[PDB]
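Just the one chain here, laid out as structure tokens, in the form deposited in one PDB entry.
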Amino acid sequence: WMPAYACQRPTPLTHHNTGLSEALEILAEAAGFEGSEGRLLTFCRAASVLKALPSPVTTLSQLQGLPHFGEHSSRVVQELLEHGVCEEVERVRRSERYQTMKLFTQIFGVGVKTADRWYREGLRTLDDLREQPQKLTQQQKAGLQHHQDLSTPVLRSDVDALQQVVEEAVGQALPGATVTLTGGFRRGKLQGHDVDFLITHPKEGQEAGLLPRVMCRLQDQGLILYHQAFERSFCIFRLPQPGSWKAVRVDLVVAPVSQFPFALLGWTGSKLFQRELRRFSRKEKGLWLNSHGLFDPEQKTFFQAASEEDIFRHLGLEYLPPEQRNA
């Protein structure tokens, strides 16, 4: 009734076990702050299973037979059902370690490893970092200066305005090039913390060298608050606001049209969905999947895809639209 891989089941954006999934994802996040990638994955998977259910979990027995629910995740659900709260989850929420690692990792340019080192040095607040800017990278200085704006959700109305200015710059850099909205917004999200665009051109090869030309034109228009040959660009855009503006994170990605279905699939997510899809491809089908293609290691050949539908078919999976990939 419940397949083991998230890519084998539709997962809508809104579901019937929000509180339970949120608690398990706290534990997944905390596992990540401690470098326990294995425990992070299990908690993430257990959370996604609940997102895929057709109704609320009301009794512990309803977890029987569900994949990725063992003693620990089941105990978390049990306590939430009996008391509306899970002691372990609440201890994590208020712990100084969790709050600081979460605060530091959400800085653009700060990963788990950097946040952990700063934590061990006694640092706890953003102003602690600001007072010692000599130890910050140029990327981290940008992320810290813009941290407040980058914490404000991006609205779908913002996305439309950004896509227009991106299309304009893309149109001058390479006539005929196209811009596709990807990421969480393509999955139907109404808010987000960044906007993701995928750029290609219908004539194979014409996209080569395109991203530097796009970036230089965006910068000349005064729209780039920060950015680093290349095919991925992690920028901070200047988004007009009523009587002012705000900083917004935008990712620009280029792919040749031959690889466009794979890049669209990869960059549409969710993150967990893509990990599960690549895991499923390798372990169940013996095929190697990434955002560039799908490789058969036996015949040493790449699978040609003209659409996401092609890719699902070549993996023996039923097609899922982006709005059902919210694992």
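In this text, residue numbers run from 1 along the sequence as written. Under this definition, the rigid core comprises the largest set of C-alpha atoms superposing within 1.5 Å between the forms. Residues that one form lacks are left out of the comparison.
What comes next is about the form deposited in another entry, which is not displayed.
- Put the two forms on the same core and the Cα of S36 is off by less than 2 Å between this form and the one not shown.
- Annotation for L63: C-alpha shift of 2 angstroms or more between this form and the one not shown, rigid core superposed.
- Core-superposed difference between this form and the one not shown: one segment of three or more residues with every CA shifted 2 Å or more, namely 58-65.
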